[PDB]
Every structure is written in C-alpha cells, then in structure tokens.
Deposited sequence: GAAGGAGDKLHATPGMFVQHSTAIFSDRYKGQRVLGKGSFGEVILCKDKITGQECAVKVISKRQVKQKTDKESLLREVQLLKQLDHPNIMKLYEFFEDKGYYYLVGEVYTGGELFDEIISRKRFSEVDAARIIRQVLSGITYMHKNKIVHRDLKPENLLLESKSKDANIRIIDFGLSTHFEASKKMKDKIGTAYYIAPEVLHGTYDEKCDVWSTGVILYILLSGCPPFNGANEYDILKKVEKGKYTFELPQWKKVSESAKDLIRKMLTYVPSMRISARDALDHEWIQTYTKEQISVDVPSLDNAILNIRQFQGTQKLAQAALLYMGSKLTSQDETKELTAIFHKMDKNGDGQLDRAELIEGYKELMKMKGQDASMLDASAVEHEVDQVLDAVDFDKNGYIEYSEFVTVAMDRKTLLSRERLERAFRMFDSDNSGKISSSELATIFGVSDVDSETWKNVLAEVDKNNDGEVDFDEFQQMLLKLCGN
C-alpha cells in the first residue's frame, strides 16, 4: 500500500520558490506537524540519475542529522512530481538578516562561516556534495539574533538538472567553482563556494564579477581575484590566508572543509569572549546591502515578466475552457463548472480542496453574490489579477528597497547593472525606454520601469 502525499499533508501556504521547484508550508492531517515541502515537477526538471540511485540518496539523507543541515523527514513520488518533506525554518535568508544589522565584524563572519564549514564537513564525510552552494541556500533557523544556520538543497544537484531559465539562476555564477564549469569535480567545489561567500562577508563585493552571467563565468574560470579594495585594510591577515586556501584553483591543492574548520582564523574569531581587535566592517555591510538589493530587483523584474506571460497564457486558456463548458451560450456558469474548468486548467493547489477554496475566494471577491449563474468573463479577470498580485506587489517592494536614498528613481547606470544581472541585452532595453518616455534624462520612476518590463515581455 504505497502512501500518498496528499493523504498525509494539506497545503497551508506558499513559502517560496527555490531551486528545482516550489516550497510549500504543509501540515500533517493527524499530528498537526508543520513541514516545508519542496515539490519537484518531473515535467520541468529532468533527472540525471536513475530511480534506484535517487531512492538510495533519499534513504541516506533521512538518516543524517547535523545542526547546520536541513532535516529531511519524508519522501514521496507520484506520476507528476517528487515531494521532499523537511523541517520548516522561519529566519529567512542569511544575507537578508545581515543587512538589517548596523554592526558586523570578523567575529560575526567567523561564527557564520564556522557553521557552514561544520555542516559541509559532515556531509562530505558521508560523500554528499552540494555543488550549488550560495547565500540563498543559507537559511536561519528562527528570526532570533543567535539563530543557527541551516544549509538547504544538499545533494539535489546530483540527481536533478538545474533550470536554464535566468529567473532561476540569478546570482549562481558568482559562487560556482571553476572545475564544476569544466565537468570533473569533487567535494572541494563546496569549499570554493564557501570561500567566495567569506570574501563577500568581509568586503561586500564578489571576488569574480562582471556585467552579465557570461563575464562573471569568464572571471571564475581564470581564477584571479585581489584584495586591493580599500575595505580589506580593516581585515585580519589570518582571514585573507584562509580565503587564499579556499580559493586555490587546483582542487587537490585546495584546503578541505574539515581543515578549514581548524584554521587559525576560525579558531581565533569564534572564541566568544576574546575581542583582541574587533572593528565593525561598515563599508562591507553597505556593499552587501547594495549587492543584495540589486540581486533582488533583477529577480523580481524577471518574475514580474514571467507572471505577465503566464497571465496571458492562462486567461486565454481559461476563457476557451469556460466557453466550451457554456452549453447555454449565455456566458454564465455555476460554481462546480467554474471549479471543473479551473481544475482542467491545472497542469499551491496540491489537492481538490485547494482548488475549491481558491475559487471560493474569487466568488466571494466577485463583489456581491447571486448563486446559480455566474458571468464566466469576470471570474477570469479576478482569478488572474489574484495570481499577479504577489509579483507586482513584490516588484514595487523591490524597487523601493533598491532606491535606498528615496529618490523615487533609478539612474541609467543603475539600469545597466540591473539589466546586466537580469541578462536583458543592452540595445534591447534602451530601445524600450526610448519608447516609454521619449524625453527621459537618464532615469526612470517606478511606473516607467514597470512599463519597460511590460514592453520587454511583448506587451
């Protein structure tokens, strides 16, 4: 009697979108235990290994326990997806916590990096490689200041092929080890990624950077970086030494995770008491806030355009479904039929229970209610506006957050940075601007930026 995910869990709400698919907050129908479930769509994500190999990894992952590694509880598979059920953590991404601080020192960075290396060391002893380690994969257990770090997605890269969509690979290029690019890699790739993360914590700038994905990769593959930024003068020699050892090009010469834990710098700056010399890295924290805001705005822009393309698709599809269901030809439908077509559209709505409630939120939202005969046309408008909300609202939020001086505007230099990170061709976005505002003087407000994005997705 093979078990069934939706027999055991109900979806509560969406937690986010991660590598390989959506993460949904779920609840055990008997025990009330809340859990974070990564749902991998077999249609969007191709497998690299065979079933046998994936089930063996899962079985191993369930038996490992470390304070800095996300705990996996359960694994299910049906016809259309894979479901990975883990512990839910509520502290958010590390860097989003870091940028809320007004003080940040080498002690804070060593506390951070020690946890990461401790989790990586443990996983490498069990022959699991992350490969895709980056800031987004570092979650905080809770919103508390003293919260432990939990690494997510350890081992998935081995069995599933990563999205080639830019909206999914923003800020992947900065962290990947050069041997991963060339195809022969081992567990040392996780030390390199960690090394990049440490460089960023102490300087707030990526060691390997450029205007677009491909320029960043060209820098990584060459392997050259420097410590000539002014804010490195404030950093201990010990920290730089550890960095050089983590960023060693040839993997066989690069320090192991385990050895990195024992390095003088980690031993010195994680002793809770001794502040022998501990200034605050003010420039770094502000660089990280700029870095983070840029990454988040580019991401939000791509998802805005993606949501706008989805809403074109689904509006037309839903209308054609309702049209054919309308046997009267009067343009009206009852509740069950609305539910039926919306389910037919299907392919957060993990069971029939999820669908009926979304429909009910819209029928309530249909302003005032006459029961029996519903104008299919207007239900479509409202169902779809609902779907785009999260993404337009999020777009404005990200715009406001990027605009740190509250100027209401972003410069064309800033647009170049954002569009380079979003991988929108240079000639393409300026042609678009020229058409939105024929009189602009090198800056756009929120509405203009939004109008630009619409034009860049064929509207």
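Several segments of the deposited sequence are absent from the coordinates, namely 1-20, 368-373.
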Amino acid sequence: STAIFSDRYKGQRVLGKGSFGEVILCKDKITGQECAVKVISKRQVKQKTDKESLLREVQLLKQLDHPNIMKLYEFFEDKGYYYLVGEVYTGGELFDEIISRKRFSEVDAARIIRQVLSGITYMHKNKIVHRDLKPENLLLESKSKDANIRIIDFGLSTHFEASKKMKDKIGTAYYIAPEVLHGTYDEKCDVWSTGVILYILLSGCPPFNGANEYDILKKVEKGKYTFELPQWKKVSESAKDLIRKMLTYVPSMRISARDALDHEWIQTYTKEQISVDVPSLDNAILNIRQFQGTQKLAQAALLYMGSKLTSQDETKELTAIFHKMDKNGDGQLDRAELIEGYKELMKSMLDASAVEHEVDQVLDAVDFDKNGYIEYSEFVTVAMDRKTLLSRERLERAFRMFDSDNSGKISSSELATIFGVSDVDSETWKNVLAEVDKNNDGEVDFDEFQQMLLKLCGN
From here on, numbers count along this sequence of modelled residues.
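Comparing the deposited coordinates for 131-139 and 174-182, the stretch with the larger average C-alpha B-factor is 131-139. Taking the PDB entry as given, 374-382 carries the higher mean Cα B factor of the two stretches 308-316 and 374-382. In this entry, the residue among 215, 74, 259, 337 with the greatest C-alpha B factor is 337.
Highest C-alpha temperature factor among 333, 220, 109, 255, as the PDB entry reports it: 333. Per-chain ranking of the deposited C-alpha B factor places residue 342 in the highest third. Per-chain ranking of the deposited C-alpha B factor places residue 224 in the lowest third.
Among the modelled residues of its chain, residue 427 has a C-alpha B-factor that falls in the highest third according to the deposited record.
Placement of the Cα temperature factor of residue 113 within the chain: lowest third of the modelled residues, per the deposited record. Looking at the C-alpha B-factors along this chain, the one for residue 39 belongs to the middle third.
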